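Chain and residue survey
Spelled out, the chains give:
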Amino acid sequence: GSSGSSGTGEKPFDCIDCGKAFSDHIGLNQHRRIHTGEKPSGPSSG
Ligand SMILES: [Zn+2]
């Protein structure tokens with residue numbers, strides 16, 4: 001849950017996995033580490 005509409009800023013590196021934002025490639029990739037590794041099991045993903 002994010003607040004504040006105005007004042008978004010520049011963040012081309014936004015995690016598409018969860019929807020986070022980052023102002024640096026390294027910062028983003030380093031964060032994706034939480035998603036990269038474990039995948040959805042079962043008949044369907046979601
Ligand atoms: Zn993320």
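Residues numbered from 1 in each chain as written, not as in the entry; some residues may be left out. Heavy atoms only, no water.

In the nomenclature of the PDB entry, the chain corresponds to Zinc finger protein 28 homolog from the organism Homo sapiens. The title field of the PDB entry reads "Solution structure of the 4th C2H2 type zinc finger domain of Zinc finger protein 28 homolog".

1. As for the environment of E10
On the secondary structure map, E10 appears in the segment before α1 (25-32). Residue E10 is classed as exposed on the basis of its relative accessible area of 68%. (Helix = DSSP H or I, 4+ residues; strand = E, 2+ residues; numbered from the N terminus. Buried < 20%, exposed > 50% of the residue type's maximum accessible area, 1.4 Å probe, protein only.)

2. Considerations on the coordination of the zinc ion
Surrounding the zinc ion are the protein donor atoms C15 (SG), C18 (SG), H31 (NE2) and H35 (NE2), at 2.1 to 2.4 Å. If you look at the zinc ion, its four donor atoms make angles of 101 to 118° with each other, and the shape they trace is tetrahedral. Between the donor residues of the zinc ion, the gaps in sequence give the motif C-x2-C-x12-H-x3-H. Of this pair, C15 sits in the segment before α1 while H35 sits in the segment after α1; the two residues are 20 residues apart in sequence, bridging distant segments of the chain. Take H35: its relative accessible area is 25%, and that puts it in the partly exposed class. (Donors = N, O, S within 2.8 Å, 3.2 Å for Na, K, Ca; no water. Tetrahedral: all angles 85-135°; square planar, octahedral: opposite > 155°, others 65-115°.)

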